[PDB]
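Given as structure tokens, the chain that follows is alone and in the form deposited in one PDB entry.
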């Protein structure tokens, strides 16, 4: 039941999603090992993901969380990178999209930094890079990220350098405690707490 609607580059909605993508690029401590070496992207396409059933699943859960947290869903727009983006947009987030080995336990991980999500497009640690050239820094191959609506509710704050959320909480917030330039990362433990709103197709750009 999923349809994808192309946004025009002239549309303010395209432009605001592109700006969030581009402006949340940062340098990574691996020197580009996982995600490649780049300062910006070539955005090729932004599509709106429309699925009524998946949307209703999201809003149902959002209301449950809101009602447990003084009518505050604590909703964010966050990036998600995965080899399984095409499964996610069709069937929704579920336990198969969780990172069993992540720093904050087995949940589904989201990032404020688009470049953090870019590290996971080809798998954990960038896997073996693009399927065509086996290059984690491929400048040719088309990559895809999701820009998602995420319900955090009451989030457990972890300071730092599928399971259940901590008792009394709906998510975990991974606050950076060393790298002063990194933005937060977030983990949810219920697939119904995220909706994949935008599918972004892009390339990383080789620095000049």
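Definition used throughout: the rigid core is the maximal C-alpha set that superposes within 1.5 Å between two forms. Residue numbers count along the first chain shown, from 1.
A second form of this protein, the form deposited in another entry, is not displayed here; the remarks below concern that form.
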Subject >> Flagged residue of 43, 49, 37, 182 - C-alpha shift reaching 2 Å or more between the shown form and the other one, core superposed >> reply: 182
**OP:** Can you tell whether residue 181 sits closer to or farther from residue 83 in the other form than it does here, judged by CA atoms, where the change is 3 Å or more?
**Re:** closer
**OP:** Have a look at residue 179 and residue 25: in the other form, are their Cα atoms closer together or farther apart than in this form, given the change is 3 Å or more?
**Re:** farther
